[PDB]
Structure formats: structure tokens, C-alpha cells
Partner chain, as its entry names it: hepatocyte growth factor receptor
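What follows is a single chain, given as C-alpha cells, in the form solved without the partner chain.
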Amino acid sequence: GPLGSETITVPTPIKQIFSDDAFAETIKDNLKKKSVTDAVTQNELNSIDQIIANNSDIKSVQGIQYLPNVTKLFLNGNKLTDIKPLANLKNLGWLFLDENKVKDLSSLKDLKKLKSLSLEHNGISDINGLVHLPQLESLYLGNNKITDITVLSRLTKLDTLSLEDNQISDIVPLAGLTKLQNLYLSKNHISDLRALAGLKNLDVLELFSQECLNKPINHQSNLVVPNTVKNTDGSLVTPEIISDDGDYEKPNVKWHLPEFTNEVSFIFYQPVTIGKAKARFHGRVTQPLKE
């Protein structure tokens, strides 16, 4: 059963258990109490299945350890950083923590019933701790600082994955995730779709607004940039529109460059069909120039 350290044996005022008054108030509401000064029993705490507390200025969930049966936690738009108090919530199934600053993800390591996790807009770069959640079904990681998604190769139960608005170029870790149905990858740095070829169960796929930044090359009148953009079959994607009246002579994008232009670009576009999913693979390759 629960740890004695995580159980109350006497009626205890809410405010003494939940150190952050915002979270204490949340519990008071959940339990329909008049005030955080009111006592609660463990039986009352055990009855909490779901906490909805978005946009509540919560800085700490200290005390939540006393809620062994909580399965759903909606905590979007708060001021959380540390999620250690969640560690032993073995029944947690849904955890929404968008718009916080949660980075220490190994506190989730023993949440083996967690099926849906949302951590959008947390400033996260390191998702390695997610390796301990192989049962995950939905994962939302939009608007973060992620580059390395290596660990996602272990999340073979995901059917929904959002990685939009990160800094990802290497999507090879996704290649074996054939259970995927909804995959959101817009606003990354993706130029090569080979990784997606086998995702036969996709229904929704977003691949637009990629930004691909090349290392600077020398400014010269006859400028050449090799096209590196690849479709799911490995073939080059012909540029859509090339800046500065440039042209494409496969495989090279070419410009007759003016002295006063110091960066060129091209937009690429490829319609993608993978199983039922139809997607716009779209982006821009930017080529800064140096003297």
C-alpha cells in the first residue's frame, strides 16, 4: 500500500498538507470545503480522481503525494518547475502541464499507467527521461527546444505525437513507430522525409513551415547551393520558388547574384501521401553569404 510518509492518520488542515496556497485552494475546491483551514481525512484524499487546475498560479504540487488514486491532472498554465511530488502517483493516466517550466522528467519514471502526457511550451530540450514511459499513447511536446528525439524510438505504443515548433532535423528515431496515427512535425528543421516512409497507419501528418539553415558560403556572382531536400523515397524535392530570380538545374540551385544581395533562399514543397495521411511538406532553405 501507500507509504506511511504519504498517508495522513488524523484529520489534517488542507493548508498544512499542500504548501502552495494556490494548490491548497485547488484541493479545498475539489473536496467542496469552505476553506483551506478545514481538515481533510485520508479517505477524502483517496476519493480524488481528477484535478482540474489550469491557470491557477500553482508553483508547487507538494502534498499531492497523499492522493494515491488520482488518474487525471490538468495543470496547464501554472508556474511549476519541480514535479518530484508526482513520482509515486502510480495510477496517473493523463498529465497536462503545458505552459510551465518543468524539465526534470525523470520524476515520471515510475508512472507506468501514464497514457497521455502534455508538456508544450516548457522550454524543454532533454526528453531522455521519457524512455521510462513505453506505454505512452499520446505525447504533446510542441513549442519546446528539442533537438534529440532518439528516445522516442522506444515509445512504440504512441498513436499521437506532437513535436511541432522544436529544432528537430533528425527524425530517424520515428521510423519504427508504425502505430502512429497523428504526427505533428511542423516548424522544425526537417529536410529529409526518408524516416517516415513506413508509417503506414498515419491519418494526420503536419510537415509545413520547416526552416533549414545552411552554413555560410562565399558570396560570388555565380552562386550554387546543392538541393538536399528529400522525399520519403529519398528523391530530391524540386524547389518551389527560388529567391532572386534563381533557377534549378538538378541537383543545384543557381543564382546570378548581385553585389548587394547577401543571403538567398528557396522554398520547397512536396505533397506527401503515407497510407491515409495527406500532408504538405513545406519549408525554406536559407543560405547566408560571407565575403
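Between two forms, the rigid core is defined as the largest C-alpha subset superposing within 1.5 Å. Residue numbers count along the first chain shown, from 1.
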key: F266: gap in at least one third of other compared structures   = no
note = Of 204-212 vs 151-159, the stretch with the larger average CA B-factor in the entry is 151-159
ask   = According to the deposited model, is the average Cα temperature factor higher in 272-280 or in 15-23?
value = 272-280
query = Which one, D165, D170, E120, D110, has the peak C-alpha temperature factor per the PDB entry?
reply = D110
key: Highest-ranked of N128, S186, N76, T178 once sorted by CA temperature factor in the record   = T178
query = Of the three thirds of its chain by CA temperature factor, lowest, middle or highest, which one includes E259?
reply = highest
query = Which third, lowest, middle or highest, does the CA B-factor of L223 fall in along this chain?
reply = middle
query = Based on the entry's values, in what third of the chain does the Cα temperature factor of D244 lie: lowest, middle or highest?
reply = lowest
message = For the chain shown, is the CA B-factor of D49 in the lowest, middle or highest third of its modelled residues?
response = middle
message = By the recorded C-alpha temperature factor, relative to the other modelled residues in its chain, which third is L105 in?
response = highest
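Another form, the form deposited with the partner chain bound, is not on view; read the next lines as being about it.
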ask   = Every residue in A39, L80 and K112 with a non-hydrogen atom within 4.5 Å of the partner chain in the bound PDB entry?
value = no
remark   = As a check of understanding, the residue in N262, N54, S47, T238 with any heavy atom within 4.5 Å of the partner chain in the bound PDB entry should be identified as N54
ask   = Can you say which of 83-91, 217-225, 201-209, 104-112 gets within 4.5 Å of the partner chain in the bound PDB entry, counting heavy atoms only?
value = 201-209
task = Please run the contact check for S169 against the partner chain in the bound PDB entry: heavy atoms, 4.5 angstroms, yes or no?
result = no
task = Report whether the minimum heavy atom distance between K15 and the partner chain in the bound PDB entry is within 4.5 Å.
result = no
task = May I ask you to state whether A22 is within 4.5 Å of the partner chain in the bound PDB entry, using heavy atom distances?
result = no
inquiry  = Since only the chain is shown here, I'm wondering whether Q135 would be in contact with the partner chain in the bound PDB entry (any heavy atom pair within 4.5 Å).
reply    = no
query = Superposing on the core, which single option in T41, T228, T261, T37 has a CA shift of 2 Å or more between this form and the one not shown?
reply = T261
